[PDB]
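In: From the sequence below, what's the structure:
(2 chains, ligands or ions: 1)
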2 protein chains.
Amino acid sequence: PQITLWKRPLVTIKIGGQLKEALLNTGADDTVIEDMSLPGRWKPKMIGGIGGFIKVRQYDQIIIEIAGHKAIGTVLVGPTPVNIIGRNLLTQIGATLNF
Amino acid sequence: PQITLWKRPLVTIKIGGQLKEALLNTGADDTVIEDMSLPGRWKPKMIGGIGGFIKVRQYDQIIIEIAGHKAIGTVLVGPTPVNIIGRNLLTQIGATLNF
Ligand SMILES: CC(C)(C)NC(=O)[C@@H]1C[C@@H]2CCCC[C@@H]2CN1C[C@@H](O)[C@H](Cc1ccccc1)NC(=O)[C@H](CC(N)=O)NC(=O)c1ccc2ccccc2n1
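Out: Residues are numbered from 1 along each chain as shown, chains lettered A, B, ... in the order given. What follows is the structure:
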């Protein structure tokens, strides 16, 4: 689809067997999901942006369904107020910016 | 142009006669520019990043060129690791997300 940017580009994702709203985020390297349980091994990570850094749990090889499109990749879980789909997954979906 | 997201969507901007690089960010409402001098009066603003809130200087109706596209609008100035073009300006240059 073509998403206009008048409003937040929010989409419904599916991850860990749960439906969620998430922000399509071209300015995010990583995909960051509000704290939840995911299966498999994880390791700690520090990620930053405006306002400094938060500590998160990194899970690798995680399937996510993004607006109906399946993709697999690393997923970060932590204290974010907004679920964020970053470039690591937006590429798998073939998302581009156009103007 | 059509911009894939395998790398960071960095473009050149021109603001205050100065050339800078900035990040095209669909996940951001506002545009945040590293500390620089801009004409006119400014108003206060608190914005929330991933790491928490920072105080920034809000300048309105500022002329800014983004990848050869002219925009005039609100620019926030404050500590940021990266210049960020938010949706307020992305809509001015007709940017869309497509997949
Ligand atoms: C710009 C502002 C108005 C403050 N809005 C936001 O920042 C909103 C706030 C939302 C609510 C809180 C949780 C995050 C979301 C998404 N963010 C936008 C979101 O797009 C934000 C924009 C950004 C990019 C780079 C540097 C600073 C800021 N990206 C990010 O925060 C991602 C997080 C990540 N590790 O994936 N940061 C980065 O991808 C990134 C890039 C370069 C860096 C250089 C030095 C230090 C840190 C760096 N972080």
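In: what's the burial count for whatever residue of chain A ends up closest to the ligand?
Out: Closest approach between chain A and the ligand, counting by CB to the nearest ligand atom: residue A:49, at 2.3 Å. In short, each C-beta sits where N, CA and C put it, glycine included. Residue A:49: 24 surrounding residues under other CB atoms under 10 Å in any protein chain shown.
In: What of the one 4 residues further on?
Out: Other residues near residue A:53 number 13, with proximity taken as other CB under 10 Å.
In: mind listing the helices for chain A?
Out: Chain-ordered helices for chain A, with DSSP state H as the definition, fall at A:87-90.
In: Where do the strands of it begin and end?
Out: A:2-3, A:10-15, A:18-24, A:32-34, A:42-49, A:52-66, A:69-78, A:84-85, A:96-98 (DSSP state E).
In: Any idea which of those strands gets closest to residue B:59?
Out: strand A:42-49 (21.7 Å; CB to CB).
In: Listing partners with orientation, what would you give for that closest one?
Out: strand A:52-66 (antiparallel) (DSSP bridges).
In: on that earlier part again, point out the most buried one among the strands of chain A.
Out: The highest mean neighbour count among the strands of chain A, using mean count of other CB atoms under 10 Å in any protein chain shown, belongs to strand A:84-85: a mean of 26.
In: So which elements touch that one?
Out: The contact analysis (3 or more CB pairs under 8 Å, 6 or more residues apart in numbering or on different chains; DSSP states H and E) places strand A:84-85 against strand A:18-24.
In: what about the strand it packs on, near chain B?
Out: Yes - using CB under 8 Å from any CB of the partner chain, strand A:18-24 reaches chain B at A:23-24.
In: List the buried residues of stretch A:88-99.
Out: Of all the residues in stretch A:88-99, those buried under the rule 16 or more other CB atoms under 10 Å in any protein chain shown are A:88-93, A:95-97, A:99.
In: ok, and of these, which contact chain B?
Out: Restricting these to those touching chain B (CB under 8 Å from any CB) yields A:90-91, A:93, A:95-97, A:99.
In: now those residues in JSON lines, with distance to residue B:41?
Out: Conversion of those to JSON lines gives the following (distance: CB to CB, whole Å):
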{"residue": "A:90", "distance to residue B:41": "38"}
{"residue": "A:91", "distance to residue B:41": "42"}
{"residue": "A:93", "distance to residue B:41": "43"}
{"residue": "A:95", "distance to residue B:41": "39"}
{"residue": "A:96", "distance to residue B:41": "38"}
{"residue": "A:97", "distance to residue B:41": "33"}
{"residue": "A:99", "distance to residue B:41": "31"}
